[PDB]
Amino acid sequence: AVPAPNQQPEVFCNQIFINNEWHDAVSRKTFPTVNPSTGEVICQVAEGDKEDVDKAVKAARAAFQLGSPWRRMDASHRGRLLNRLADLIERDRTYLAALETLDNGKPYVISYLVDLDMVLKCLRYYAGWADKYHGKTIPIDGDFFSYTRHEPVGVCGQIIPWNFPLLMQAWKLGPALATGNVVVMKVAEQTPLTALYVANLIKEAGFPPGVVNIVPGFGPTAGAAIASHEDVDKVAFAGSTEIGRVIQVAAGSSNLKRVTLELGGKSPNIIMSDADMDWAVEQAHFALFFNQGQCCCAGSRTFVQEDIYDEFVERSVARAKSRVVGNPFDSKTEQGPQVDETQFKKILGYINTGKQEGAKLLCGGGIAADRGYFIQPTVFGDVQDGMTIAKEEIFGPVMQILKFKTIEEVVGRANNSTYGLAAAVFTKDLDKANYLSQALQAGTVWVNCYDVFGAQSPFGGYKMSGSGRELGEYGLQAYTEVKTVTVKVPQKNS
């Protein structure tokens, strides 16, 4: 059951959060954040720049000093703090869900039942890791005792995108805080508000000042300042493959900080002839259209075996046409607006290219409302591998359906991409499932499902979809610095 929303939630936090206190930008500049359902300004937000990043980094470094409350704190207590944060988020779940919808556009029902649920599960999962990520005692040759300490990497710059504002904040804060790091986080200008409210809850939960610092602002300013900072030890970035490059170059051009990246994809969703048709159609719809199509791993190349192609397309068109686009606070709404005007225009551009290059437009193809950034659920059939809409990540409600004949053929075509974030296989056959999951060059392969995220299982890209993994035990690796201590002993024995 979904509690009724406040469709116009008050904003309480709209500044820079450093040392558990709220700050205007050094410059006093602010930027508007807009409600994409209406195109209207929600509020002004402090416009952080390099000087604000510098204040944040110094606060973080101070909190990380040997002997500080955060460094001395029992690991188990970091877990308690994470669990307390989750409880406060749960207390404020309807507010956060409404604010998320207001600022991002996703349906409130989904904000409440999905994003907020996943946030809680992520924070709670990582809370349990805080005191369990052991180093090693090692049977080295000779008269020595050798062991490893798993220490925190240090001051962690985290730049997060607008598509799942709260969930991405949690995917970043969970592992970083579980491992004893400190954070300078840059949130998306499209969706700064929910992360800043969470900062208030971080303070309420009792995290020492400077442990989490949040700097709203723009990428070429605030994000760049983080990536290039001489006292930031590690940077994590999620966004486009384009800005990804800028990050890795800045790390190399500054202090050789450690880098992980989560970038785009053009993920293949492969429907074999023996798939359960009803399930495959529904899941392929979800795979593409979930979150207004704004998902890093959207199943944006739907490959369908020729024998079932005609029926699959027919069912897929019927399902896209039934999808309800509208006010994301309305319980019936399945699809909200796209996040902002830039994305709106980009998607319309991709739709135009699909028409121009001769993909068969089967439904949708245009704007879905006279106000707000709403786009009709759009399906192109008879898509070919060389088409722009088969190659580039659209990040909107635009489905590509491609026909194939053999399992060998589809592997090659699926893997013929510079991306490799995710893939899926729909089939009843044991051998086909195993053949495909091994052969597909992707970070996650879903079998008879899609977008199944568990805090327990890692996620991240092959190839130019990024590097490193988030979630699960793996998500702790980028947040750990390993120290070997090797001690002379009188006489080593087994």
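Each residue number is its position in the shown sequence, starting from 1.
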item	value
Given 39-47 and 431-439, the range whose Cα B-factors average higher in the PDB entry	39-47
Higher-scoring stretch by recorded Cα B factor average, 168-176 or 271-279	271-279
Of the residues 60, 53, 449, 445, the one carrying the largest Cα B-factor as recorded	53
Which of 399, 259, 98, 183 ranks first by CA B-factor in the deposited coordinates	259
Ranked against its chain, the third holding the CA B-factor of residue 229	highest
Position of residue 455 among the chain's modelled residues by C-alpha B-factor, lowest, middle or highest third	middle
Position of residue 204 among the chain's modelled residues by C-alpha B-factor, lowest, middle or highest third	middle
Third assignment of residue 218 from its chain's C-alpha B-factors	highest
Residue 266 by Cα B-factor - lowest, middle or highest third of the modelled chain	lowest
